[PDB]
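K.L.:
This one is my_file25.pdb, PDB, C-alpha atoms.
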```pdb
MODEL        1
ATOM      1  CA  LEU A   3     -65.845 -15.454  13.853  1.00  0.00           C
ATOM      2  CA  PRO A   4     -69.182 -13.676  14.579  1.00  0.00           C
ATOM      3  CA  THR A   5     -72.398 -15.133  13.150  1.00  0.00           C
ATOM      4  CA  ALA A   6     -74.723 -12.917  11.086  1.00  0.00           C
ATOM      5  CA  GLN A   7     -76.865 -12.027  14.125  1.00  0.00           C
ATOM      6  CA  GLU A   8     -73.775 -11.239  16.221  1.00  0.00           C
ATOM      7  CA  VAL A   9     -72.501  -8.916  13.496  1.00  0.00           C
ATOM      8  CA  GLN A  10     -75.808  -7.048  13.576  1.00  0.00           C
ATOM      9  CA  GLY A  11     -75.368  -6.698  17.329  1.00  0.00           C
ATOM     10  CA  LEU A  12     -71.720  -5.632  17.297  1.00  0.00           C
ATOM     11  CA  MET A  13     -72.401  -3.013  14.615  1.00  0.00           C
ATOM     12  CA  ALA A  14     -75.533  -1.559  16.237  1.00  0.00           C
ATOM     13  CA  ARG A  15     -73.569  -1.137  19.482  1.00  0.00           C
ATOM     14  CA  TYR A  16     -70.847   0.676  17.514  1.00  0.00           C
ATOM     15  CA  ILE A  17     -73.211   3.467  16.374  1.00  0.00           C
ATOM     16  CA  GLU A  18     -74.357   3.692  19.980  1.00  0.00           C
ATOM     17  CA  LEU A  19     -70.760   4.202  21.113  1.00  0.00           C
ATOM     18  CA  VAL A  20     -70.248   6.917  18.473  1.00  0.00           C
ATOM     19  CA  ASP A  21     -73.490   8.655  19.429  1.00  0.00           C
ATOM     20  CA  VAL A  22     -72.506   8.804  23.137  1.00  0.00           C
ATOM     21  CA  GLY A  23     -68.866   9.584  22.357  1.00  0.00           C
ATOM     22  CA  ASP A  24     -67.116   6.951  24.441  1.00  0.00           C
ATOM     23  CA  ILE A  25     -63.790   7.061  22.595  1.00  0.00           C
ATOM     24  CA  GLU A  26     -62.036   4.394  24.683  1.00  0.00           C
ATOM     25  CA  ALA A  27     -64.842   1.844  24.307  1.00  0.00           C
ATOM     26  CA  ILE A  28     -64.853   2.499  20.556  1.00  0.00           C
ATOM     27  CA  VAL A  29     -61.098   1.856  20.242  1.00  0.00           C
ATOM     28  CA  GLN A  30     -61.468  -1.393  22.176  1.00  0.00           C
ATOM     29  CA  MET A  31     -63.923  -2.727  19.591  1.00  0.00           C
ATOM     30  CA  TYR A  32     -61.081  -2.577  17.060  1.00  0.00           C
ATOM     31  CA  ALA A  33     -58.394  -5.263  16.756  1.00  0.00           C
ATOM     32  CA  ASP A  34     -54.974  -4.092  17.960  1.00  0.00           C
ATOM     33  CA  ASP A  35     -53.774  -3.803  14.356  1.00  0.00           C
ATOM     34  CA  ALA A  36     -57.065  -2.854  12.645  1.00  0.00           C
ATOM     35  CA  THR A  37     -57.229  -0.648   9.578  1.00  0.00           C
ATOM     36  CA  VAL A  38     -59.573   2.325   9.044  1.00  0.00           C
ATOM     37  CA  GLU A  39     -60.276   4.049   5.712  1.00  0.00           C
ATOM     38  CA  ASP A  40     -62.564   6.976   6.472  1.00  0.00           C
ATOM     39  CA  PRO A  41     -63.334   8.356   3.989  1.00  0.00           C
ATOM     40  CA  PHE A  42     -62.760   5.419   1.711  1.00  0.00           C
ATOM     41  CA  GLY A  43     -60.329   6.631  -0.917  1.00  0.00           C
ATOM     42  CA  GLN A  44     -57.823   8.237   1.428  1.00  0.00           C
ATOM     43  CA  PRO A  45     -54.796   6.511   3.003  1.00  0.00           C
ATOM     44  CA  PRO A  46     -55.745   4.032   5.769  1.00  0.00           C
ATOM     45  CA  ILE A  47     -55.009   4.611   9.453  1.00  0.00           C
ATOM     46  CA  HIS A  48     -53.238   1.703  11.137  1.00  0.00           C
ATOM     47  CA  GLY A  49     -53.285   0.501  14.746  1.00  0.00           C
ATOM     48  CA  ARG A  50     -55.155   1.420  17.893  1.00  0.00           C
ATOM     49  CA  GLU A  51     -52.792   4.307  18.739  1.00  0.00           C
ATOM     50  CA  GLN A  52     -53.499   5.972  15.398  1.00  0.00           C
ATOM     51  CA  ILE A  53     -57.179   5.032  15.487  1.00  0.00           C
ATOM     52  CA  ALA A  54     -57.502   6.473  19.003  1.00  0.00           C
ATOM     53  CA  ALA A  55     -55.834   9.705  17.904  1.00  0.00           C
ATOM     54  CA  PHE A  56     -58.219   9.840  14.952  1.00  0.00           C
ATOM     55  CA  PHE A  57     -61.322   9.521  17.139  1.00  0.00           C
ATOM     56  CA  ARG A  58     -60.073  11.840  19.897  1.00  0.00           C
ATOM     57  CA  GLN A  59     -59.694  14.459  17.174  1.00  0.00           C
ATOM     58  CA  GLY A  60     -63.014  13.816  15.431  1.00  0.00           C
ATOM     59  CA  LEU A  61     -65.390  13.051  18.308  1.00  0.00           C
ATOM     60  CA  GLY A  62     -63.378  15.355  20.552  1.00  0.00           C
ATOM     61  CA  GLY A  63     -65.477  18.015  22.243  1.00  0.00           C
ATOM     62  CA  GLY A  64     -67.563  17.873  19.082  1.00  0.00           C
ATOM     63  CA  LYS A  65     -70.858  16.717  20.592  1.00  0.00           C
ATOM     64  CA  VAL A  66     -72.189  14.601  17.733  1.00  0.00           C
ATOM     65  CA  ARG A  67     -75.380  12.590  17.246  1.00  0.00           C
ATOM     66  CA  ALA A  68     -75.398   9.370  15.227  1.00  0.00           C
ATOM     67  CA  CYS A  69     -78.220   6.982  14.390  1.00  0.00           C
ATOM     68  CA  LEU A  70     -78.908   3.960  12.193  1.00  0.00           C
ATOM     69  CA  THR A  71     -81.142   4.891   9.250  1.00  0.00           C
ATOM     70  CA  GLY A  72     -81.795   1.318   8.176  1.00  0.00           C
ATOM     71  CA  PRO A  73     -81.034  -2.289   9.235  1.00  0.00           C
ATOM     72  CA  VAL A  74     -77.543  -3.732   9.468  1.00  0.00           C
ATOM     73  CA  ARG A  75     -76.790  -6.079   6.572  1.00  0.00           C
ATOM     74  CA  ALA A  76     -74.637  -9.039   7.646  1.00  0.00           C
ATOM     75  CA  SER A  77     -73.032 -11.975   5.848  1.00  0.00           C
ATOM     76  CA  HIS A  78     -71.821 -15.371   7.013  1.00  0.00           C
ATOM     77  CA  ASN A  79     -68.121 -14.626   6.876  1.00  0.00           C
ATOM     78  CA  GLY A  80     -67.894 -12.105   9.706  1.00  0.00           C
ATOM     79  CA  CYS A  81     -68.655  -9.039   7.578  1.00  0.00           C
ATOM     80  CA  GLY A  82     -71.397  -6.415   7.587  1.00  0.00           C
ATOM     81  CA  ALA A  83     -72.587  -3.043   6.305  1.00  0.00           C
ATOM     82  CA  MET A  84     -74.946  -0.399   7.645  1.00  0.00           C
ATOM     83  CA  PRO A  85     -76.365   3.012   6.717  1.00  0.00           C
ATOM     84  CA  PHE A  86     -76.348   5.798   9.300  1.00  0.00           C
ATOM     85  CA  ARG A  87     -76.485   9.541   9.712  1.00  0.00           C
ATOM     86  CA  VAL A  88     -74.157  11.855  11.608  1.00  0.00           C
ATOM     87  CA  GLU A  89     -75.586  15.168  12.847  1.00  0.00           C
ATOM     88  CA  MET A  90     -73.964  18.203  14.448  1.00  0.00           C
ATOM     89  CA  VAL A  91     -74.665  21.911  14.886  1.00  0.00           C
ATOM     90  CA  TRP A  92     -71.408  23.652  15.815  1.00  0.00           C
ATOM     91  CA  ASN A  93     -72.204  26.731  13.692  1.00  0.00           C
ATOM     92  CA  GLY A  94     -75.807  27.351  14.685  1.00  0.00           C
ATOM     93  CA  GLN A  95     -76.985  25.571  11.559  1.00  0.00           C
ATOM     94  CA  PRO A  96     -78.004  21.859  11.708  1.00  0.00           C
ATOM     95  CA  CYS A  97     -75.642  19.756   9.594  1.00  0.00           C
ATOM     96  CA  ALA A  98     -76.137  16.144   8.495  1.00  0.00           C
ATOM     97  CA  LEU A  99     -73.827  13.573   6.930  1.00  0.00           C
ATOM     98  CA  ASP A 100     -75.066  10.279   5.430  1.00  0.00           C
ATOM     99  CA  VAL A 101     -72.592   7.410   5.587  1.00  0.00           C
ATOM    100  CA  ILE A 102     -72.402   3.691   4.893  1.00  0.00           C
ATOM    101  CA  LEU A 103     -69.916   1.655   6.897  1.00  0.00           C
ATOM    102  CA  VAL A 104     -68.481  -1.724   5.886  1.00  0.00           C
ATOM    103  CA  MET A 105     -66.715  -3.832   8.501  1.00  0.00           C
ATOM    104  CA  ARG A 106     -64.936  -7.187   8.644  1.00  0.00           C
ATOM    105  CA  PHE A 107     -64.568  -8.796  12.064  1.00  0.00           C
ATOM    106  CA  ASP A 108     -61.910 -11.215  13.253  1.00  0.00           C
ATOM    107  CA  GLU A 109     -62.032 -14.568  15.036  1.00  0.00           C
ATOM    108  CA  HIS A 110     -62.329 -12.702  18.335  1.00  0.00           C
ATOM    109  CA  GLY A 111     -65.235 -10.430  17.515  1.00  0.00           C
ATOM    110  CA  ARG A 112     -63.015  -7.400  16.937  1.00  0.00           C
ATOM    111  CA  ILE A 113     -63.102  -5.042  13.941  1.00  0.00           C
ATOM    112  CA  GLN A 114     -60.284  -5.928  11.543  1.00  0.00           C
ATOM    113  CA  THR A 115     -61.044  -3.441   8.780  1.00  0.00           C
ATOM    114  CA  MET A 116     -63.485  -0.562   8.546  1.00  0.00           C
ATOM    115  CA  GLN A 117     -64.352   1.428   5.450  1.00  0.00           C
ATOM    116  CA  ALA A 118     -66.673   4.435   5.394  1.00  0.00           C
ATOM    117  CA  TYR A 119     -68.260   5.514   2.129  1.00  0.00           C
ATOM    118  CA  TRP A 120     -69.273   9.159   1.831  1.00  0.00           C
ATOM    119  CA  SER A 121     -68.127  12.403   0.217  1.00  0.00           C
ATOM    120  CA  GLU A 122     -69.158  16.048   0.029  1.00  0.00           C
ATOM    121  CA  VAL A 123     -72.261  15.042  -1.963  1.00  0.00           C
ATOM    122  CA  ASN A 124     -73.555  13.398   1.214  1.00  0.00           C
ATOM    123  CA  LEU A 125     -73.544  16.624   3.305  1.00  0.00           C
ATOM    124  CA  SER A 126     -76.845  18.458   3.879  1.00  0.00           C
ATOM    125  CA  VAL A 127     -76.521  21.222   6.491  1.00  0.00           C
TER     126      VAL A 127
ATOM    127  CA  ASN B 202     -63.028   8.808 -17.647  1.00  0.00           C
ATOM    128  CA  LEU B 203     -63.219   7.732 -13.986  1.00  0.00           C
ATOM    129  CA  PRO B 204     -66.686   8.879 -12.784  1.00  0.00           C
ATOM    130  CA  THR B 205     -66.973  11.646 -10.206  1.00  0.00           C
ATOM    131  CA  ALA B 206     -68.869  11.110  -6.963  1.00  0.00           C
ATOM    132  CA  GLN B 207     -71.954  12.744  -8.488  1.00  0.00           C
ATOM    133  CA  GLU B 208     -71.764  10.572 -11.599  1.00  0.00           C
ATOM    134  CA  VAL B 209     -71.509   7.471  -9.385  1.00  0.00           C
ATOM    135  CA  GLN B 210     -74.750   8.374  -7.600  1.00  0.00           C
ATOM    136  CA  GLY B 211     -76.420   8.604 -10.989  1.00  0.00           C
ATOM    137  CA  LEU B 212     -75.038   5.341 -12.326  1.00  0.00           C
ATOM    138  CA  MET B 213     -75.948   3.463  -9.165  1.00  0.00           C
ATOM    139  CA  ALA B 214     -79.442   4.944  -9.028  1.00  0.00           C
ATOM    140  CA  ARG B 215     -79.899   3.912 -12.656  1.00  0.00           C
ATOM    141  CA  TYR B 216     -78.809   0.356 -11.825  1.00  0.00           C
ATOM    142  CA  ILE B 217     -81.726  -0.147  -9.423  1.00  0.00           C
ATOM    143  CA  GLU B 218     -84.131   1.302 -12.007  1.00  0.00           C
ATOM    144  CA  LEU B 219     -83.123  -1.424 -14.467  1.00  0.00           C
ATOM    145  CA  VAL B 220     -83.392  -4.157 -11.844  1.00  0.00           C
ATOM    146  CA  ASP B 221     -86.909  -2.925 -11.075  1.00  0.00           C
ATOM    147  CA  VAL B 222     -88.095  -2.788 -14.712  1.00  0.00           C
ATOM    148  CA  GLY B 223     -86.390  -6.105 -15.372  1.00  0.00           C
ATOM    149  CA  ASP B 224     -84.057  -5.048 -18.150  1.00  0.00           C
ATOM    150  CA  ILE B 225     -81.596  -7.893 -17.673  1.00  0.00           C
ATOM    151  CA  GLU B 226     -79.725  -6.916 -20.837  1.00  0.00           C
ATOM    152  CA  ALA B 227     -79.220  -3.270 -19.879  1.00  0.00           C
ATOM    153  CA  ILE B 228     -77.766  -4.504 -16.585  1.00  0.00           C
ATOM    154  CA  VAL B 229     -75.108  -6.801 -18.058  1.00  0.00           C
ATOM    155  CA  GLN B 230     -74.182  -3.903 -20.354  1.00  0.00           C
ATOM    156  CA  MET B 231     -73.114  -1.892 -17.321  1.00  0.00           C
ATOM    157  CA  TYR B 232     -70.471  -4.426 -16.288  1.00  0.00           C
ATOM    158  CA  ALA B 233     -66.949  -4.442 -17.731  1.00  0.00           C
ATOM    159  CA  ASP B 234     -65.882  -7.597 -19.583  1.00  0.00           C
ATOM    160  CA  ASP B 235     -63.688  -8.878 -16.745  1.00  0.00           C
ATOM    161  CA  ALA B 236     -65.913  -7.547 -13.955  1.00  0.00           C
ATOM    162  CA  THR B 237     -66.365  -9.493 -10.724  1.00  0.00           C
ATOM    163  CA  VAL B 238     -69.553 -10.096  -8.754  1.00  0.00           C
ATOM    164  CA  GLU B 239     -70.109 -11.218  -5.179  1.00  0.00           C
ATOM    165  CA  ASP B 240     -73.762 -11.656  -4.278  1.00  0.00           C
ATOM    166  CA  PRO B 241     -74.060 -12.474  -1.496  1.00  0.00           C
ATOM    167  CA  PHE B 242     -70.689 -11.308  -0.190  1.00  0.00           C
ATOM    168  CA  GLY B 243     -68.860 -14.236   1.372  1.00  0.00           C
ATOM    169  CA  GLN B 244     -69.596 -16.524  -1.565  1.00  0.00           C
ATOM    170  CA  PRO B 245     -67.093 -17.301  -4.340  1.00  0.00           C
ATOM    171  CA  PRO B 246     -67.082 -14.514  -6.971  1.00  0.00           C
ATOM    172  CA  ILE B 247     -68.168 -14.919 -10.591  1.00  0.00           C
ATOM    173  CA  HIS B 248     -65.711 -13.637 -13.221  1.00  0.00           C
ATOM    174  CA  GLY B 249     -66.556 -12.377 -16.721  1.00  0.00           C
ATOM    175  CA  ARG B 250     -69.675 -11.062 -18.480  1.00  0.00           C
ATOM    176  CA  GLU B 251     -70.628 -14.600 -19.491  1.00  0.00           C
ATOM    177  CA  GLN B 252     -70.987 -15.913 -15.944  1.00  0.00           C
ATOM    178  CA  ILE B 253     -72.452 -12.582 -14.815  1.00  0.00           C
ATOM    179  CA  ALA B 254     -75.097 -12.658 -17.553  1.00  0.00           C
ATOM    180  CA  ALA B 255     -75.876 -16.285 -16.724  1.00  0.00           C
ATOM    181  CA  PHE B 256     -76.162 -15.214 -13.097  1.00  0.00           C
ATOM    182  CA  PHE B 257     -78.776 -12.478 -13.563  1.00  0.00           C
ATOM    183  CA  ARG B 258     -80.745 -14.753 -15.888  1.00  0.00           C
ATOM    184  CA  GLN B 259     -81.357 -17.180 -13.018  1.00  0.00           C
ATOM    185  CA  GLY B 260     -82.083 -14.563 -10.371  1.00  0.00           C
ATOM    186  CA  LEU B 261     -83.941 -11.548 -11.766  1.00  0.00           C
ATOM    187  CA  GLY B 262     -84.958 -13.458 -14.885  1.00  0.00           C
ATOM    188  CA  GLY B 263     -87.535 -15.789 -13.379  1.00  0.00           C
ATOM    189  CA  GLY B 264     -89.762 -14.004 -10.891  1.00  0.00           C
ATOM    190  CA  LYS B 265     -91.462 -10.605 -10.883  1.00  0.00           C
ATOM    191  CA  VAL B 266     -88.775  -9.010  -8.699  1.00  0.00           C
ATOM    192  CA  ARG B 267     -89.400  -5.505  -7.333  1.00  0.00           C
ATOM    193  CA  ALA B 268     -86.724  -3.102  -6.031  1.00  0.00           C
ATOM    194  CA  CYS B 269     -86.361   0.442  -4.676  1.00  0.00           C
ATOM    195  CA  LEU B 270     -83.747   2.710  -3.066  1.00  0.00           C
ATOM    196  CA  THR B 271     -84.157   3.131   0.688  1.00  0.00           C
ATOM    197  CA  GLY B 272     -81.634   5.912   1.131  1.00  0.00           C
ATOM    198  CA  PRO B 273     -79.250   8.156  -0.812  1.00  0.00           C
ATOM    199  CA  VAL B 274     -76.223   6.736  -2.612  1.00  0.00           C
ATOM    200  CA  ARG B 275     -72.947   7.277  -0.765  1.00  0.00           C
ATOM    201  CA  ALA B 276     -70.042   8.005  -3.141  1.00  0.00           C
ATOM    202  CA  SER B 277     -66.278   8.334  -2.754  1.00  0.00           C
ATOM    203  CA  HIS B 278     -63.901  10.358  -4.927  1.00  0.00           C
ATOM    204  CA  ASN B 279     -62.198   7.322  -6.436  1.00  0.00           C
ATOM    205  CA  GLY B 280     -64.962   5.708  -8.476  1.00  0.00           C
ATOM    206  CA  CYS B 281     -66.752   3.823  -5.695  1.00  0.00           C
ATOM    207  CA  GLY B 282     -70.205   4.088  -4.183  1.00  0.00           C
ATOM    208  CA  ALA B 283     -72.455   2.228  -1.764  1.00  0.00           C
ATOM    209  CA  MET B 284     -76.211   2.193  -1.509  1.00  0.00           C
ATOM    210  CA  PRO B 285     -79.050   0.654   0.514  1.00  0.00           C
ATOM    211  CA  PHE B 286     -82.135  -0.791  -1.166  1.00  0.00           C
ATOM    212  CA  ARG B 287     -84.929  -3.306  -0.726  1.00  0.00           C
ATOM    213  CA  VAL B 288     -85.987  -6.173  -2.967  1.00  0.00           C
ATOM    214  CA  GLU B 289     -89.495  -7.655  -2.960  1.00  0.00           C
ATOM    215  CA  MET B 290     -90.273 -11.154  -4.249  1.00  0.00           C
ATOM    216  CA  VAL B 291     -91.682 -14.623  -3.492  1.00  0.00           C
ATOM    217  CA  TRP B 292     -89.452 -16.708  -1.209  1.00  0.00           C
ATOM    218  CA  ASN B 293     -90.139 -20.380  -0.431  1.00  0.00           C
ATOM    219  CA  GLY B 294     -93.786 -19.820  -1.364  1.00  0.00           C
ATOM    220  CA  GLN B 295     -94.340 -16.566   0.536  1.00  0.00           C
ATOM    221  CA  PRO B 296     -94.235 -12.794  -0.078  1.00  0.00           C
ATOM    222  CA  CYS B 297     -90.872 -11.537   1.229  1.00  0.00           C
ATOM    223  CA  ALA B 298     -88.659  -8.460   1.381  1.00  0.00           C
ATOM    224  CA  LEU B 299     -84.854  -8.417   1.328  1.00  0.00           C
ATOM    225  CA  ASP B 300     -82.854  -5.455   2.679  1.00  0.00           C
ATOM    226  CA  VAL B 301     -79.575  -5.110   0.791  1.00  0.00           C
ATOM    227  CA  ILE B 302     -76.515  -2.908   0.535  1.00  0.00           C
ATOM    228  CA  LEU B 303     -74.515  -2.777  -2.672  1.00  0.00           C
ATOM    229  CA  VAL B 304     -70.895  -1.649  -3.018  1.00  0.00           C
ATOM    230  CA  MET B 305     -69.586  -0.869  -6.505  1.00  0.00           C
ATOM    231  CA  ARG B 306     -66.342   0.237  -8.109  1.00  0.00           C
ATOM    232  CA  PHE B 307     -66.361   1.673 -11.632  1.00  0.00           C
ATOM    233  CA  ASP B 308     -63.584   1.633 -14.216  1.00  0.00           C
ATOM    234  CA  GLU B 309     -62.070   4.363 -16.374  1.00  0.00           C
ATOM    235  CA  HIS B 310     -65.044   4.125 -18.738  1.00  0.00           C
ATOM    236  CA  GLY B 311     -67.977   4.188 -16.350  1.00  0.00           C
ATOM    237  CA  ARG B 312     -68.463   0.427 -16.350  1.00  0.00           C
ATOM    238  CA  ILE B 313     -68.897  -1.598 -13.140  1.00  0.00           C
ATOM    239  CA  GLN B 314     -65.580  -3.304 -12.301  1.00  0.00           C
ATOM    240  CA  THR B 315     -66.554  -4.978  -8.999  1.00  0.00           C
ATOM    241  CA  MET B 316     -69.848  -5.423  -7.199  1.00  0.00           C
ATOM    242  CA  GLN B 317     -70.407  -6.758  -3.696  1.00  0.00           C
ATOM    243  CA  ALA B 318     -73.798  -7.336  -2.119  1.00  0.00           C
ATOM    244  CA  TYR B 319     -74.285  -7.598   1.638  1.00  0.00           C
ATOM    245  CA  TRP B 320     -77.311  -9.545   2.913  1.00  0.00           C
ATOM    246  CA  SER B 321     -78.253 -12.751   4.773  1.00  0.00           C
ATOM    247  CA  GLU B 322     -81.411 -14.431   6.180  1.00  0.00           C
ATOM    248  CA  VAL B 323     -81.297 -11.872   8.984  1.00  0.00           C
ATOM    249  CA  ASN B 324     -82.245  -9.314   6.320  1.00  0.00           C
ATOM    250  CA  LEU B 325     -85.264 -11.297   5.128  1.00  0.00           C
ATOM    251  CA  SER B 326     -88.705 -10.051   6.179  1.00  0.00           C
ATOM    252  CA  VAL B 327     -92.209 -11.460   5.595  1.00  0.00           C
ATOM    253  CA  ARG B 328     -94.588  -9.414   3.428  1.00  0.00           C
TER     254      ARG B 328
ENDMDL
END
```
As structure tokens, what does this structure read like?

P.N.:
Amino acid sequence: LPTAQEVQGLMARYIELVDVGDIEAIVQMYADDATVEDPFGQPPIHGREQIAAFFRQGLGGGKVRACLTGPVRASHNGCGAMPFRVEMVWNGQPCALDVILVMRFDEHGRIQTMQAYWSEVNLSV
Amino acid sequence: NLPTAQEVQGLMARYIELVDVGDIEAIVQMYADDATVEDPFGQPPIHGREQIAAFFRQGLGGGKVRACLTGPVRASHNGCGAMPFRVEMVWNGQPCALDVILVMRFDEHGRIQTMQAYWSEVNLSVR
């Protein structure tokens, strides 16, 4: 069960993995039976196979940039939240998306649940 | 009347305004009667307006707390939103800043049903 400082580290690395687009390293940060709700409000994705398919589709050939826009907030029960921005172009016009991610880690330092808050009101193009 | 994403951004932005001014009463008014609060997340939750009101009395009550948004409010389509903000106050006899992230869920009447605040000592900064 990751300490507060370890959570900050695990989460910062996660944005780094998204920014570079290493899909396989991203999937390995998740527990084998992790759950993903992105966007929060829609039905959750379950398991690495489904999570992998989700990322291969989203970060696939997309060429995306992602960066923390503020410090990672972490608690003492293996949970944390962070604000970040996702930028693309694919259309000639710069597009941005502001998101806040909430994660709960397990006793092995793997992501058990992940929830991303954002909607169309967070798009800026 | 479950708030839309845009209404959530408004409600949450308003919440911080009240915390800044210090209107403790206007804040408790925003919570539903059987609302739940977890601040900081990881601690046992407080149930009911009574406890909640008692809670804010202790915290915001004593101390000239200051607070501002540090980024836009993220909002879902099912009455939930999350936002990042900073709190400024006097900690253990020193000027300090606290970086926080709040997660809220509203009910069918625009009242806060659940509130969870993420922060720890790792989010504490001097001056």

K.L.:
Compute the set of chain B residues within 9 Å of chain A, using all atoms listed in the file, and express it as a PyMOL selection string.

P.N.:
chain B and resi 206-207+241-244+271-285+300-302+319-324

K.L.:
Which protein, DNA or RNA residues have an atom at most 7 Å from (-65.4, -9.7, -16.2), counting all atoms listed in the file? List them as a PyMOL selection string.

P.N.:
chain B and resi 233-237+248-250

K.L.:
One decimal, Å: what's the distance from atom CA of residue A:35 over to atom CA of residue A:112, could you say?

P.N.:
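Atom-to-atom, atom CA of residue A:35 to atom CA of residue A:112, that is 10.2 Å.
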
K.L.:
Using only the atoms of stretch 309-318 of chain B listed in the file, plus 3 Å on each side, state the axis-aligned box centre and edge lengths in Å rounded to one decimal, as JSON.

P.N.:
```
{"center_x": -67.9, "center_y": -1.5, "center_z": -10.4, "size_x": 17.7, "size_y": 17.7, "size_z": 22.6}
```

K.L.:
Since I can't run it myself right now, could you work out what the PyMOL selection byres ((chain A and resi 69) around 8) selects here and report it as a PyMOL selection string?

P.N.:
chain A and resi 17-18+21+67-68+70-71+86-88

K.L.:
Save out the residues we just selected, C-alpha atoms, as a PDB file, keeping the file's coordinate frame.

P.N.:
```
ATOM      1  CA  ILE A  17     -73.211   3.467  16.374  1.00  0.00           C
ATOM      2  CA  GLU A  18     -74.357   3.692  19.980  1.00  0.00           C
ATOM      3  CA  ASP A  21     -73.490   8.655  19.429  1.00  0.00           C
ATOM      4  CA  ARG A  67     -75.380  12.590  17.246  1.00  0.00           C
ATOM      5  CA  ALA A  68     -75.398   9.370  15.227  1.00  0.00           C
ATOM      6  CA  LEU A  70     -78.908   3.960  12.193  1.00  0.00           C
ATOM      7  CA  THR A  71     -81.142   4.891   9.250  1.00  0.00           C
ATOM      8  CA  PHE A  86     -76.348   5.798   9.300  1.00  0.00           C
ATOM      9  CA  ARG A  87     -76.485   9.541   9.712  1.00  0.00           C
ATOM     10  CA  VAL A  88     -74.157  11.855  11.608  1.00  0.00           C
TER      11      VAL A  88
END
```

K.L.:
Any idea what's packed within 10 Å of residue B:226, counting all atoms listed in the file, ignoring anything in its chain fewer than 5 positions away? Could you give it as a list in words?

P.N.:
residues 219, 231, 254, 257 and 258 of chain B

K.L.:
Determine, counting only C-alpha atoms, which protein, DNA and RNA residues have an atom within 10 Å of an atom of stretch 46-63 of chain A; residues of the same chain fewer than 3 positions away are not included. Present the result as a list in words.

P.N.:
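My reading of the contact set: residues 20, 21, 22, 23, 24, 25, 26, 28, 29, 30, 31, 32, 33, 34, 35, 36, 37, 38, 39, 40, 41, 42, 43, 66, 115, 116 and 117 of chain A.
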
K.L.:
How far is it from atom CA of residue B:307 to atom CA of residue B:228, in Å with one decimal?

P.N.:
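So the answer is 13.9 Å.
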
K.L.:
Could I get stretch 203-217 of chain B rebuilt with N, CA and C atoms, written as a PDB file, in the coordinates of the input?

P.N.:
```pdb
ATOM      1  N   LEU B 203     -62.801   8.264 -15.287  1.00  0.00           N
ATOM      2  CA  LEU B 203     -63.219   7.732 -13.986  1.00  0.00           C
ATOM      3  C   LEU B 203     -64.316   8.640 -13.428  1.00  0.00           C
ATOM      4  N   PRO B 204     -65.545   8.114 -13.297  1.00  0.00           N
ATOM      5  CA  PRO B 204     -66.686   8.879 -12.784  1.00  0.00           C
ATOM      6  C   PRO B 204     -66.464   9.641 -11.481  1.00  0.00           C
ATOM      7  N   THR B 205     -67.079  10.816 -11.395  1.00  0.00           N
ATOM      8  CA  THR B 205     -66.973  11.646 -10.206  1.00  0.00           C
ATOM      9  C   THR B 205     -67.991  11.100  -9.214  1.00  0.00           C
ATOM     10  N   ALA B 206     -67.937  11.576  -7.976  1.00  0.00           N
ATOM     11  CA  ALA B 206     -68.869  11.110  -6.963  1.00  0.00           C
ATOM     12  C   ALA B 206     -70.311  11.283  -7.444  1.00  0.00           C
ATOM     13  N   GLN B 207     -70.607  12.453  -8.005  1.00  0.00           N
ATOM     14  CA  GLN B 207     -71.954  12.744  -8.488  1.00  0.00           C
ATOM     15  C   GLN B 207     -72.384  11.828  -9.632  1.00  0.00           C
ATOM     16  N   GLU B 208     -71.443  11.458 -10.490  1.00  0.00           N
ATOM     17  CA  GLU B 208     -71.764  10.572 -11.599  1.00  0.00           C
ATOM     18  C   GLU B 208     -72.046   9.170 -11.051  1.00  0.00           C
ATOM     19  N   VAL B 209     -71.322   8.787  -9.999  1.00  0.00           N
ATOM     20  CA  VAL B 209     -71.509   7.471  -9.385  1.00  0.00           C
ATOM     21  C   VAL B 209     -72.925   7.342  -8.829  1.00  0.00           C
ATOM     22  N   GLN B 210     -73.403   8.394  -8.164  1.00  0.00           N
ATOM     23  CA  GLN B 210     -74.750   8.374  -7.600  1.00  0.00           C
ATOM     24  C   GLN B 210     -75.759   8.137  -8.709  1.00  0.00           C
ATOM     25  N   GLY B 211     -75.521   8.762  -9.860  1.00  0.00           N
ATOM     26  CA  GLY B 211     -76.420   8.604 -10.989  1.00  0.00           C
ATOM     27  C   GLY B 211     -76.402   7.178 -11.499  1.00  0.00           C
ATOM     28  N   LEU B 212     -75.210   6.698 -11.830  1.00  0.00           N
ATOM     29  CA  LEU B 212     -75.038   5.341 -12.326  1.00  0.00           C
ATOM     30  C   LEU B 212     -75.642   4.293 -11.400  1.00  0.00           C
ATOM     31  N   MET B 213     -75.420   4.440 -10.101  1.00  0.00           N
ATOM     32  CA  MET B 213     -75.948   3.463  -9.165  1.00  0.00           C
ATOM     33  C   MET B 213     -77.465   3.548  -9.034  1.00  0.00           C
ATOM     34  N   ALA B 214     -78.002   4.758  -9.119  1.00  0.00           N
ATOM     35  CA  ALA B 214     -79.442   4.944  -9.028  1.00  0.00           C
ATOM     36  C   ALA B 214     -80.088   4.337 -10.270  1.00  0.00           C
ATOM     37  N   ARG B 215     -79.398   4.449 -11.401  1.00  0.00           N
ATOM     38  CA  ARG B 215     -79.899   3.912 -12.656  1.00  0.00           C
ATOM     39  C   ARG B 215     -79.942   2.388 -12.590  1.00  0.00           C
ATOM     40  N   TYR B 216     -78.918   1.805 -11.974  1.00  0.00           N
ATOM     41  CA  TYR B 216     -78.809   0.356 -11.825  1.00  0.00           C
ATOM     42  C   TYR B 216     -80.061  -0.264 -11.201  1.00  0.00           C
ATOM     43  N   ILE B 217     -80.540   0.341 -10.120  1.00  0.00           N
ATOM     44  CA  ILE B 217     -81.726  -0.147  -9.423  1.00  0.00           C
ATOM     45  C   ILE B 217     -82.975  -0.001 -10.293  1.00  0.00           C
TER      46      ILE B 217
END
```
